[PDB]
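# Geometric and topological summary
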Amino acid sequence: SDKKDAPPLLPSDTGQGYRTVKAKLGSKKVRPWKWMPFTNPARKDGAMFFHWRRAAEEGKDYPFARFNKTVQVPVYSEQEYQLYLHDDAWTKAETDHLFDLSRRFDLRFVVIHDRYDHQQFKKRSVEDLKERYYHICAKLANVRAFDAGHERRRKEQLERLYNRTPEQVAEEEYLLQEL
Amino acid sequence: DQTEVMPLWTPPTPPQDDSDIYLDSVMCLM
Amino acid sequence: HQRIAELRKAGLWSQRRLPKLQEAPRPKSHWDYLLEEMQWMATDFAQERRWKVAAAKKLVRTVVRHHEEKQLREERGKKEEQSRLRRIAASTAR
Amino acid sequence: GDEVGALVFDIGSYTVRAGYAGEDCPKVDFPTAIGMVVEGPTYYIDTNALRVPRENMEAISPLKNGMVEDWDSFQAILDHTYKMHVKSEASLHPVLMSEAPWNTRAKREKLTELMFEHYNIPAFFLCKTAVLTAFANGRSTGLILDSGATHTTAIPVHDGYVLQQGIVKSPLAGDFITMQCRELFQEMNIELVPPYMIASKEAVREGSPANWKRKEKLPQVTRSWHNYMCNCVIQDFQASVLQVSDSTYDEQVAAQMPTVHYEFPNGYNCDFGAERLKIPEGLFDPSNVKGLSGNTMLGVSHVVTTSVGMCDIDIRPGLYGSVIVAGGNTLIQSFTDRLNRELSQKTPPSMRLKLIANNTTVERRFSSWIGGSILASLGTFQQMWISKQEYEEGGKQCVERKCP
Amino acid sequence: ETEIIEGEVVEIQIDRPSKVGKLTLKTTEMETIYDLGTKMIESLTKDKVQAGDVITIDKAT
Amino acid sequence: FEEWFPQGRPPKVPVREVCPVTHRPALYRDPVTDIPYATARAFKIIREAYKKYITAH
Amino acid sequence: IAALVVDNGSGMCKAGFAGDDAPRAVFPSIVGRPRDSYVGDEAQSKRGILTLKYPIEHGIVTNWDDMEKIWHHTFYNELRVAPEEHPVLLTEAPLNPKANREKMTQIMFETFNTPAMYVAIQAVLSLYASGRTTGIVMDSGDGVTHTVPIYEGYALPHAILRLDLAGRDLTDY
Amino acid sequence: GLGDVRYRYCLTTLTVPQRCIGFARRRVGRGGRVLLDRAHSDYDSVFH
Amino acid sequence: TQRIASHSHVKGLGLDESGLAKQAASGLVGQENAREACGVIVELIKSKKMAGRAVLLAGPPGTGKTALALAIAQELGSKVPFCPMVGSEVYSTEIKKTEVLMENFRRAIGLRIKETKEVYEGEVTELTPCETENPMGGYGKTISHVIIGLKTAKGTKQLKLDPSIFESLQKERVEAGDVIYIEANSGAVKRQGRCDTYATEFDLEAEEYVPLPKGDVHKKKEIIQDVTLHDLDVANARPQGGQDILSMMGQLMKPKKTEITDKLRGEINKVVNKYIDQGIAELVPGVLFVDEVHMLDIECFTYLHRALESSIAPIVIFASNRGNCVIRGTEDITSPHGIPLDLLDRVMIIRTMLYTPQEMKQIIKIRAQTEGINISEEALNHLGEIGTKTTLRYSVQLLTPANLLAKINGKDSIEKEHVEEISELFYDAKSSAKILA
Amino acid sequence: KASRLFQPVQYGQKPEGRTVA
Ligand SMILES: Nc1ncnc2c1ncn2[C@@H]1O[C@H](COP(=O)(O)OP(=O)(O)OP(=O)(O)O)[C@@H](O)[C@H]1O
Ligand SMILES: Nc1ncnc2c1ncn2[C@@H]1O[C@H](COP(=O)(O)OP(=O)(O)OP(O)(O)=S)[C@@H](O)[C@H]1O
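Residues numbered from 1 in each chain as written, not as in the entry; some residues may be left out. Chains lettered and ligands numbered in written order. Part of a larger assembly, values for the part shown. Heavy atoms only, no water. Residues with missing side-chain atoms left out of burial classes, pairs and counts.

cryo-EM is the method the PDB entry lists for this structure, together with a resolution of 2.75 Å.

Laid out in structure tokens, this is it:
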């Protein structure tokens, strides 16, 4: 945002005094703007909203539709789960719930786990979901044809380092640099 | 020098094709 | 020495490195773009508020300046008229 | 061009903020309370109809800590908002309402039902107040400390989504300080003349009991209404007098620092010394307080530590780089710096910890609404709104399918 | 490079007021009217420039 | 005093004139119809327009 | 040349040139639809054949065709000036919706072809007339009363209070 | 420094108000208007 | 682009930091003893301490005497005045030989004048007098200051001047919007013109509209100009005098060269000494190169006796290839280098030696590289043999005709046949003299 | 005046001598 500094500088035409630009403005006229209804092609349901546009671009298209990209999701209903997307600890219900939720939260694993329903299904950590998603993607790749454990070691190493009591933090960090 | 166009900070540009990237939420990778 | 041993045993599983960095990639999407458009628009909002506060300050203070200069100009005009009549009187008496 | 005819409603615990998308500040800010009279809600709405004394009129709040307590009174609040402050019939304007993350999902469903069915707005959306407060500052990785009159809470947000289970709730809020100053009034015997009777200002020097007269025309007022107005008076007192120590409260320092002066509505005036520094320490350490001092009470620094800890380290470093303080209670003088030192002690400074600067009344209260204004005009966000034709099934299924 | 002005002079009008005057220059395709400063007025009156003669004016000098 | 200190009289920056035909910066001024112009094509167009205007009026 | 200062009251329209000490043209903001269209100066005289509408209620423009006609009258009759040759300064009640300001800009630039425009809050302009850096403005206008706090010339929108009685309903009482 | 990637303010000089404004970076606000932001750098006095 | 002269390869003396000459370096080959002596002389010049010291470069023609002198010039750089002169230059129809010699002496003494100008520049925003009831009594209209607002592109500053500046403010046609310069010290207003912002394309007056001053209001910093003592002598001997009868009459008469008196030169010396004492000036004495010094006559050498003994003299390098020659101006007085023995007494003689075949080959290769000529080794050997037969200059000069012949032949190299053909087309002094006899 | 003859051009349209009647 800012750090409490001078105000922004904005474009202006009527610097000087509209005696300079009297001619440059009088000789031209504006393109007629209109409040026009539009429907974004990115909308699965064809709802319509208003906004200001030039009345020569009316109803053309919504430039932000190109931001509507989505990441893929695997598919299985009756037999692909048993044949290819096999599992022995996760039910079809839990896998489908996790997959729909991952689409909800666009494979943002942390908030995915945050939502992961702990009372419709048994508890588990983020890296379990991450590695299971990797496994399902690998299986899909095979039919359609770095290490989670070290990440757990990560979480525990950071937890130990930070939970370290302040005096030990200072002493060890001294010991850290001395050698 | 910095020999640049002091580039813009525009609104996020619309993608012609994917560019798989995301910052480290921890902002501490090393 | 004692530091060396303490770090060696601790460094086995507890110090001097975060073990490895994961290498999985991630394609860009719609929500990340919306959050970036967010960041840009919030910057715009804050900067616009800053510009408007500074502009209101400068404009109101220039208007106050206009009023003060105007009042000083009227006072100076009255004083100058008094002194001009006094100088005409001086020129005639002289 | 990214804007639509969007209205951003941000109903917190104290005041309702209604304004148009793209607006720098909320258009209107009038209190959550609302008047009542015998027959349904025969009524009185904003700071102009809620203050004139009346024959046995009673004041209630359709809200409580942000969750709706009476949907009919909420509906009439909204009706008056649209009728006068925004003075545009609601049938055309997309709306996005802010709800506290801990507000029930069923209440979100019922809110959507009321909105769409009755008011027949053509679009809708929901996004949490903490989410919007972090929205205002442009930060994906943020930690929010919201503290209004009725509740104080700390909530982290990453990727713009709340860590829904990472919610910390602490009644140590504006009402906590208000009760503390109330017992202060009682202990040193302030007689709280309500401003609405006083008609003379025979003021007196320091400490003396000021003289005054009550207007003969005054009719009887229900106790709830008088309670509300004197509560507003003591809220003004909270704003004016209260100050927070930089470090842990000390008696000798608190006495040494120069006292401050406050005058009451009737002309009674008094000077405060160490008590004003002591009071916010009650928020920062509930133990010293009377009654509301059990170990169950959780202070600000403990609240932030608890909220930060409950989430794993994949985002905790992000929380380190930005601590965002919003809501009313954060405006107590020198509260933010005290919180900053408090966290610098509680949270190991070993890694990168920054605050995020935001001071003025506009920036703290309305940062919840400012984020909503930022979203509503956002170009990509226009696809997200719940349309009426969508609503036909969305109010039930997609009010959750869409708005996390 | 010189950047001169050439044209047949159509008019030089009363400069009596610090003197200010107009000069009308003419090509086969264009004619324009020039507002004369003191130096240019002195130069024009010193050369006795008259209606219906072809001059060239060096803009730099 | 006024003879020696006329002072005041703000300079009044001129108008950046434009050519009606090509909307280019003006560098000529037609003695008849002091409309400014920039090209010879603009000059003949301006003179035709003046002829039509005076015919109409 | 000069800037046109058109102040759109709630029943009283004031117009003039920037730098003038007083609004030269003052005419009631009346518009009448026969039982052509006429504005206050002539409308107030033509009542017998006319039905009188007000385009501004409580300082907020009611409908835009009548206000269009009010501005047309202002310029072409009262001021006789060409809108295409003068910058226009418009004043609108505090708490005017965004759509109303946008429509005002649209009407000016499109229909009246003004070169330069500005919309300023009436209360802040009254403060400018007073000549104080910070202040609270009590403006009991023609159709509504507004209490506007101003700090460093910046109107604080949250604190602005509207009370819906003023000269007109006072005359009714 | 900490190497933040977004706060790329830089020395800049305008043309019409031809002076070194100091640390300023360019941005597009609403409506496609290019705005220069600024810092109140402690170098502010050096730019005389 | 640049044209290749006979000495365009000579870039320096080619000495190592110890003062020893490399076999070949910076365009010079061989002649090591002479290059080392020239390095000593370069250090003498750089010391700026000794006045009127003379060195004679003596040797057969083509032994690098002028090459060494121009190498000295390159070593001293462009900041040190190097005045080259031929002995034939002293025979002017306008001034005596002594005057020519002394003028050339004064051209080798350089002067760096550093003057710091302080000016207040800008466009006049306001000219307002500050009125006061100040005077020592008096019922008049009194002003104690004149407010001038100067606007540059950087900013605006309000200057408060002595009230006496009002006279020059209207003596100059200074109004608001005019571009002006107010000498910080002189306090003289000076209207450059009008600001170019107030300049329509329909305005015919020119040399009136000047661009708005860039930068700050308060700046003109230091102007540094390098002159010779002869420039000051000439300037002060005949004033420009373009204002009055002097103008028309003097310009109408031809400006002949005059015999400047020692009085003028002494006064110039005094003025330059005072300038140096004030720190406005720096003295950079240079070197005078008299080539073909044997062309000077006995009177010139006798004058050089006195000119070389003055404390103000430069360092003089004499070149002479004469073996044992009658001194010009004498009928039968032979002295070694055509120079009187009493002038050789106050000279230090650097002797240049004939080049061995290998040194000639190196010089020819250096010259070929300088002229952008690719030469085969066989052609280089044959050209070195030609130079051994005829002379170094002759072989050096066949390079460009032979390169042109190779270009005409489609080649980009000089081969033996091309140099043989050029040798047959052009003759040297020896072969031509054989033909004449 | 320039606009008494001729006719203003909409921004983006190339200037051509459109003339009022
Ligand atoms: N100067 C002040 N400093 C601190 N608190 C103040 C001040 N003035 C008023 N307050 C009180 O602080 C609270 C203002 O915040 P408010 O209750 O409006 O927050 P909110 O944005 O609705 O959030 P929340 O969901 O926490 O209620 C009210 O209790 C108000 O009485
Ligand atoms: N030692 C050298 N190294 C390189 N080039 C040289 C050397 N000596 C002479 N030359 C060059 O060879 C050519 C002949 O030398 P010159 O200097 O012209 O003869 P000179 O001796 O100076 O003439 P005089 O008789 O002394 S006036 C010139 O192009 C010189 O630059």
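Moving on, there is more to tell.
It is worth spelling out the interface of chain D and chain A at this point. Facing 36 residues of chain D, the contacting portion of chain A comprises 30 residues. It is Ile313, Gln383 and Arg401 of chain D that lose the most area in chain D upon contact with chain A, and together they represent 19% of the buried surface on that side. On inspection of chain D and its partner chain A, the count reaches four salt bridges. For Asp314 of chain D, the salt bridge identified is with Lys155 of chain A, shortest N-O distance 2.7 Å. For the pair chain D and chain A, the number of links is 18 residue pairs in polar contact. Those elements that provide at least two residues to the side of chain D that touches chain A are β13 (161–162), α9 (316–320), α13 (388–394) and α14 (398–401) of chain D. Classifying every residue of the side of chain D that touches chain A gives 13 nonpolar, 13 polar and 10 charged. (Contact = heavy atoms within 4.5 Å. Buried area = accessible area lost by both parts, 1.4 Å probe. Salt bridge = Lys/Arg side-chain N within 4 Å of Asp/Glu carboxyl O. Polar contact = N/O pair within 3.5 Å; in protein donor to acceptor, adjacent residues only side chain to side chain. Helix = DSSP H or I, 4+ residues; strand = E, 2+ residues; numbered from the N terminus. Nonpolar A, V, L, I, M, F, W, Y, C, P; charged D, E, K, R; others polar.)

Okay, the packing of aromatic side chains next. Applying the stated criterion across every chain, the model contains 38 aromatic pairs over all chains. Ring centres of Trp31 of chain C and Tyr161 of chain D lie 4.9 Å apart, and the angle between their planes is 15 degrees; on these two criteria the pair is classed as stacked. With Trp31 of chain C in helix α2 (residues 30–93) and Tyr161 of chain D in strand β13, the pair connects residues from two separate chains. Side by side, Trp31 of chain C and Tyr161 of chain D carry an identical accessibility label, which is buried. Counting every residue linked through ring pairs, the aromatic cluster contains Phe185, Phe237, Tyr262, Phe264, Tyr268 and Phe272 of chain D. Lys3 of chain A extends its terminal NZ or CZ atom over the ring of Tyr9 of chain H, reaching a point 3.8 Å from the ring centre. Between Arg29 of chain F and the ring centre of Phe202 of chain I, over which it is positioned, the NZ or CZ distance is 4.5 Å. (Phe/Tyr/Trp six-rings, centres within 6.5 Å; stacked < 30°, edge-to-face > 60°. Buried < 20%, exposed > 50% of the residue type's maximum accessible area, 1.4 Å probe, protein only. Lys NZ or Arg CZ within 6 Å of the ring centre and 35° of its normal.)

Residues and elements named next belong to chain I. Counted at 1.5 Å a residue, the expected span for helix α11 (residues 377–389) with its 13 residues is 18 Å, and the 18 Å between its end C-alpha atoms agrees. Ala379, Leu380, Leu383, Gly384, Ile386 and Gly387 are the residues of α11 that are buried. The arc enclosing the buried residues of α11, seen along the axis, measures out at 160 degrees, which places them on a common side. (Expected span 1.5 Å × (residues − 1). Arc of directions from axis to C-beta.)

On to the sheet that holds strand β13 (residues 281–285) of chain I. All names here are of chain I. Taken in spatial order, the three strands of this open sheet run β12-β5-β13, and their pairing is antiparallel. On the outer flanks of this sheet lie β12 (222–228) and β13, each paired with one strand and no other. For this sheet, the mean inter-axis angle between neighbouring strands, taken without regard to orientation, is 20 degrees. Relative to β13, strand β5 (residues 109–116) runs antiparallel, the two sharing five bridges. Considered in β13, the bridge of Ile109 is made with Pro285. (Pairing = 2+ DSSP bridges. Axes fitted to C-alpha atoms, helices over the stretch in contact; angles between N-to-C directions.)

With that settled, the discussion passes to the sheet that holds strand β1 (residues 4–12) of chain E. All names here are of chain E. The four strands are arranged β3-β2-β1-β4 in an open sheet whose pairing can be described as antiparallel. Whereas interior strands pair on both sides, the edge strands pair on one side only; in this sheet they are β3 (31–36) and β4 (54–58). On average, each strand axis in the sheet is tilted by 45 degrees relative to the strand beside it, whichever way the strands run. Bridge analysis of β1 against β4 gives five bridges, and the strand direction is antiparallel. Bridge assignment links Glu8 to a residue of β4, and that residue is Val54.

A few words now on the site of ligand 1. Residues and elements named next belong to chain D. Every one of the 15 residues lining ligand 1 counts as a neighbour, but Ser13, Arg17, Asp146, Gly148 and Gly328 are closest to it. The separation between a nitrogen atom of ligand 1 and a polar main-chain atom of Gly328 is 3.0 Å. Between ligand 1 and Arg365, the relevant distance is 3.0 Å, taken from a nitrogen atom to a side-chain nitrogen or oxygen of the residue. Here ligand 1 has 630 Å² of accessible area as a free molecule, and 91% of this is covered by the chains. Elements supplying a minimum of two residues to the shell around ligand 1: β11 (142–147) and α5 (223–241). Here the residues of the shell around ligand 1 sort into five nonpolar, seven polar and three charged. (Near = heavy atom within 4 Å. Areas by Shrake-Rupley, 256 points an atom, 1.4 Å probe, with all protein chains shown as cover.)

As a further point, take the packing of helix α3 (residues 97–107) of chain I against helix α5 (residues 229–237) of chain I. All names here are of chain I. Orientation of α3 relative to α5, taken along the N-to-C sense of each, is 120 degrees, at an axis distance of 6 Å. Judged by the inter-axis angle, α3 sits oblique to α5. Here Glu103, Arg106 and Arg107 of α3 come into contact with α5, specifically with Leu229, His230 and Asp233. Residue composition of the contact of α3 with α5, grouped by class: one nonpolar, one polar and four charged. (Parallel < 35°, antiparallel > 145°, perpendicular 65-115°, else oblique.)

Residue and element names in this part refer to chain I. For ligand 2, the set of nearby residues contains 20 residues, the closest of which are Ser6, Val29, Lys65, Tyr355 and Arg393. Between ligand 2 and the protein, one listed contact pairs an oxygen atom with a backbone N or O atom of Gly64 at 3.4 Å. In this structure, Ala67 approaches ligand 2 through a main-chain N or O atom, which is 3.5 Å from an oxygen atom. Across the complex, the protein chains shield 94% of the 630 Å² of accessible surface that ligand 2 would expose by itself. The element that contributes the greatest number of residues to the shell around ligand 2 is helix α2 (residues 65–76), accounting for three residues. A class-by-class count of the residues in the shell around ligand 2 yields seven nonpolar, nine polar and four charged. Counting the residues that make up the shell around ligand 2, at least three belong to each of domain 1 (1–107 + 236–354) and domain 3 (355–437). (Domains from an automatic or database assignment.)

On to empty space enclosed by the protein, then. In this structure, the largest cavity spans a volume of roughly 130 Å³. The wall of the largest cavity is formed by 13 residues, among which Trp31 of chain C together with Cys127, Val131, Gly160 and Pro404 of chain D lie closest to the centre. Of all the secondary structure elements, the ones that give two or more residues to the lining of the largest cavity are β10 (123–126), α3 (129–136) and β13 of chain D. Residues of the lining of the largest cavity, tallied by class, amount to 11 nonpolar, one polar and one charged. As a volume, the second largest cavity reaches approximately 90 Å³. Around the second largest cavity, the lining residues are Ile11, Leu63, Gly66, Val68, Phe74, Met97, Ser98, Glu99, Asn103, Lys107 and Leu111 of chain D. When the residues that make up the lining of the second largest cavity are grouped by side-chain class, the tally is six nonpolar, three polar and two charged. (1 Å grid on protein atoms, 1.4 Å probe; cavity = no way out; pocket = protein on both sides within 12 Å on 5 of 7 lines; lining within 4 Å. Points joined across faces, edges and corners; volume = space filled by probe spheres on them.)

What follows is about the interface of chain I and chain H. By a widely used convention, the size of an interface equals the accessible area lost when the partners come together. Contact with chain I, which involves four residues of that partner, is made by four residues of chain H. A buried area of about 380 Å², summed over both sides, lies between chain I and chain H, and 34% of it is on carbon and sulfur atoms. Three residues, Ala153, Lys154 and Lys214 of chain I, lead the burial of chain I against chain H; their summed loss comes to 90% of the area buried on that side. Linking chain I with chain H are zero salt bridges, by the criterion used here. Put simply, chain I and chain H have two residue pairs in polar contact between them. Considered class by class, the residues forming the side of chain I that touches chain H number one nonpolar, one polar and two charged.

The subject of this paragraph is the environment of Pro62 of chain D. All names here are of chain D. Inspection of the secondary structure assignment puts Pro62 in the loop between β6 (58–60) and β7 (63–64). We classify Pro62 as buried; its relative accessible area is 1%. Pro62 sits 12 residues away from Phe74 along the chain, and the two C-alpha atoms are 5.8 Å apart.

Here we take up the pattern of salt bridges. Tallying each qualifying case throughout the model produces 80 salt bridges over all chains. For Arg306 of chain I, the salt bridge is made with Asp262 of chain I, and the minimal N-O distance between the two is 3.3 Å. Residue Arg306 of chain I is found in helix α8 (residues 298–307), and its partner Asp262 of chain I is found in helix α7 (residues 262–277); the two are separated by 44 residues along the sequence. Residue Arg306 of chain I is classed as exposed on the basis of its relative accessible area of 55%. Residue classification places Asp262 of chain I among the partly exposed residues on the basis of a relative accessible area of 47%. Of the charged contacts in the structure, one is a salt bridge between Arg346 of chain I and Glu309 of chain I, with a shortest N-O distance of 2.9 Å. A residue pair is termed long-range when its members are at least 10 positions apart, and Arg346 of chain I in the loop between α9 (341–345) and β18 (348–351) and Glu309 of chain I in the loop between α8 and β15 (315–320) qualify at 37 residues. Residue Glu309 of chain I is classed as exposed on the basis of its relative accessible area of 56%. The network of salt bridges with common partners includes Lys39 of chain E together with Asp178, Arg191, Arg194, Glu205 and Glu208 of chain I.

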